[PDB]
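All chains are identified by letter, namely A, B, C, D and E, in their written order; residue positions are counted from 1 within each chain.
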Amino acid sequence: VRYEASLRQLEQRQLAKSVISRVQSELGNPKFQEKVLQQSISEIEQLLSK
Amino acid sequence: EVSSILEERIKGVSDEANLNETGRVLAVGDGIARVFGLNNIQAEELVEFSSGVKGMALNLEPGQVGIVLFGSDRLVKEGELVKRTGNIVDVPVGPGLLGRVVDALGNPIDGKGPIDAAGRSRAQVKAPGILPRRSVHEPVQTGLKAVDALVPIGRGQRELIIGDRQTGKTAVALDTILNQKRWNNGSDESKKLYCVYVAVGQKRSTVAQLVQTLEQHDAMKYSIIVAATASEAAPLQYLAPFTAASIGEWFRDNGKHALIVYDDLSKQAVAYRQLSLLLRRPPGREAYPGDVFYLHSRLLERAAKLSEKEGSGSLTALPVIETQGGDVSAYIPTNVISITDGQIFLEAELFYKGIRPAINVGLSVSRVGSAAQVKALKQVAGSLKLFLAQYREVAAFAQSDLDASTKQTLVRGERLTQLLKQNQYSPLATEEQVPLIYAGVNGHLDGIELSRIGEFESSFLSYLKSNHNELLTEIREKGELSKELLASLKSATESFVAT
Amino acid sequence: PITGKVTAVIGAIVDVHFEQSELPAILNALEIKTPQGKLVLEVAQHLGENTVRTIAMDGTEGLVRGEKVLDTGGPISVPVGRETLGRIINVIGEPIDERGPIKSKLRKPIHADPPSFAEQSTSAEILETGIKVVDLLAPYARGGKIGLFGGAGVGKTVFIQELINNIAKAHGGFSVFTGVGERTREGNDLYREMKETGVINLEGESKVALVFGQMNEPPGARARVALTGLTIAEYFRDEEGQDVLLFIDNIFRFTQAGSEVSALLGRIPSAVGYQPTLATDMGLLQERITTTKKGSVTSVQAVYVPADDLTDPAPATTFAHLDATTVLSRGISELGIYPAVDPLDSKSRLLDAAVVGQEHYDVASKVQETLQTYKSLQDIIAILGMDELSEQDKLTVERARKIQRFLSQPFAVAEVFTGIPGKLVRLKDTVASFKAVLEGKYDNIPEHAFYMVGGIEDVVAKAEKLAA
Amino acid sequence: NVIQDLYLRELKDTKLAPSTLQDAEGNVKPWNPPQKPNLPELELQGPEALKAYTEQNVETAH
Amino acid sequence: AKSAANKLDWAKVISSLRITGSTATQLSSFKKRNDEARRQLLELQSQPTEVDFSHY
């Protein structure tokens, strides 16, 4: 049971490094630009809801 | 697996909320930041920085607001955007905190999932008025006979435990929690105590031992542990007792009886001292800031035996003061002493000279104790405090007092002292304490040679239970001794003593 | 590139005004290239308006106000690794043992938050000590802080050397001797001695890593030296899963260095002139010392009381952190005892009955009671005469004077130094030794046939030699 | 949005595979086997003892 | 049961009190008391034999 819990924690920190891999992926892509356009229009919608 | 569920939770977070206002940090360091804007801020609000750290605005000044960082400086950065939480500093309160270690913010450092809490309640809340209070009457049985006769403690009662560093200071309180395990493993809500152990200024390692100890004695399930370790930031430590008391007040305001042990308010003083100095507010007496009295008093008075009209509330308070080599004259100790009613001064000399627990009886008082005290323990406790202040006097001049009267007292006194001693982390039942005090008071303990007193205690108790536990059950319910019960006990005590 | 021009040099507190939107962060490391190579300044405030207030880690002998600064980007990163074992490294993390680049692979920030509540071990454990005296009367606890008291040279330094040898055999862990406010002459001797006793084998492998923080260092660099050492230890524990033993020299001088840095930072010094941040700084230092699941650091610290005033805040703060105290005395060493440990002043807070074993506890309590009674007994026995020694009294005296000698254990580092072959007496055999003397089994073997010998097994030999 | 991108991509595209049970054995304490019926006890064995004890005693000593 | 053992133990003490009633009979009583007291705390100590493959 002890090793099982340890393995679950180990999986979580390994998947933490998978987040790092994804961070490098987003900031590479011109999704960095294109999803910023999406954020722009989302804020336009948000600020219009005021 | 669990990762998939966490990822589901991650999918479950995504805001779109508008920020009412932010600020931008100016000069920052000394655990205070000076922010520009925050004009619509409430006083003592919680603000969350974009480092994710949260702080409480303390000084609202014309044109600037000065946050106090509840959290490390390293995280906070210059010209960072400070967002208003919008709420006065509150902490989650509820029924689900039992058996959960939490840090001061209420984060689950136990890690038994996100805390189950009914509400949140403001960190500072005014103490109930005169009209809300009602005089104490119910006992708290610590399982340490001295701390149940010599100092009786009751429900909702303010009291003080003062003494020298790490003499297992903590153990004295732990024993109370342990003793009331059987009362709390009761089904009577009135006799249930929900005990909160506030660990302030203690090593995170030491706290981990404590938690494990409590879980070894399986006492965790009725108790909350709040933690503000030495590593944890000085402002977090400052707000730590106040936050703990809020949780306690939720129980108190459930009418439920509880206890909160604040270990150590002496460390709260050092923390507040640090904070004050870092706020560049002028040092007070003994270099402890001038509002240190106010700090303690506001904390302490939030513990009360609320009147039956207002709920019958109780929240007993035991605050643990670490004297620097004794000497109760000392600004921080005296300030505390004045607030508290009763003291349980512990003597280092006696501790060294193998009296565990080392309860100095010269400097232990209980200024409201006798009301709490059970009638059984009033009857059997026949001015034992006086008697052992005759022992105290007798041995003062013994090294003269060669009078047979003094010697008789000395023989009783020394032997009585042996009875007081109790092996820590093994507390005696209240019912069981009644005969022991009967024996010694009624002087049947002169009939026991000093060396064999320890044997006598266990054997006497075994004898009584076997002979007739009927008596013990009777005093267990009656809580008084009739002339017959008293005689039966006298007779029975004579029987074992003889044997 | 975050660069800024020096806009003050009031003392060693150098304020640097940085170009816009190129702002450091608190605890970052700045490097100013100097004809002294580099000067490392650590950002300890932001004064706003794109200015900082920093402390220095090297003595600032003058800069031109307006000198370009380059920001490293974070708290000083010092090399760590098995390479750094047997390397004297100054505070900034560069070799002063001049064995060239010691860079094993990675360097790591000098600051690093204490392990989490979860990380903490839930139950106390014992660190083995070859010193039998230690294992009876105050057994070391792995994870813990054990605060040395006593002499120097023949006192403390030899004791420290002994521990390094013992650890290498005992666990095979690592150590890092960090010396704070160390007289460089004394440090030189220590380096040479450490080479001689082979805890540092230049050609060979080295156990102890040395971090020396000299007295001529500026107070800021004195303050951070300890944290640097701690980082080295944490690499061993966390990333090599080993036990470590971290020596610190005066933690009084940790306090002293810290007090100055507060005052320099302008903060109002709290009572007795000690830091307003006195508690927290010790707290950070002494909560990174713990038993993690991975490993455990254990730290022996040296506490030099300020005028023996225990009541002073600095000893008190230290004592709060301390778990055990080892109280060497030179009077005791003068009673011919090596180790020099004063047994009645030897105390551990994990001398607890449960922790050390009930049997061990009972044996220990008896030996303590025996010694305690013996010491007091000798006071009036000497005056009154030995004729006053009753059958009961002389039973204790015979055993006690035999125990007193039995404590004397020649040990491996000082095998040369005393000239007597070393003994590393392990804990199980320690229990055995005292059990027998308590049971008086070997109470029939002469007093000096327990002088300068190790365990129970050993005094079988010595008995033979006494006869021979 | 970006949360969704990170979440989606991470979950789908990165999947760890656990180690074998054999690797687990090292990291756990594996099943200890039965303790065996040891050896039964025969006390006061042989009529050597019986005759000896009956004969030897003939008086109760202190 | 246990009461037989202890009654004979103390009985033999009061027999030896008079004209000697035991030498090593009382030592037999002492020995049976030792292990008899060990087995009762063993028997109350007893682990449940079923592996909790339900919960754990």
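The rule is short, and it goes like this: a residue touches a chain if its C-beta (ideal position, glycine included) is under 8 Å from a C-beta of that chain, and two chains touch if they have at least 3 such contacts.
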Smallest number of contact steps required from subunit A to reach subunit E: 2
Length of the line joining the C-alpha centres of subunit A and subunit C, rounded to whole Å: 45
CA centroid of subunit C to CA centroid of subunit E, Å: 52
Rounded Å distance between subunit B and subunit C, as computed from the means of their C-alpha atoms: 35
For subunit A, residues that touch 2 or more chains besides their own: 11, 15, 42
Touching two or more other chains - residues of subunit E: none
In subunit C, residues with contacts to at least two other chains: none
Pairs of chains found to touch, sorted by chain label: A-B, A-D, B-C, B-D, D-E
Complex contacts: residues of subunit D adjacent to subunit B: 1, 3-4, 7, 10-11
Subunit D partner contacts - residues on subunit E that touch it in the complex: 16, 20-23
Of all residues in subunit D, those that touch subunit A in their complex: 1-2, 5-6, 9-10, 14, 16, 18-19, 24, 27-28
Residues of subunit D that touch subunit E when the two form their complex: 57, 60-62
Footprint of subunit A on subunit B - complex, ascending: 1-3, 6, 16, 18
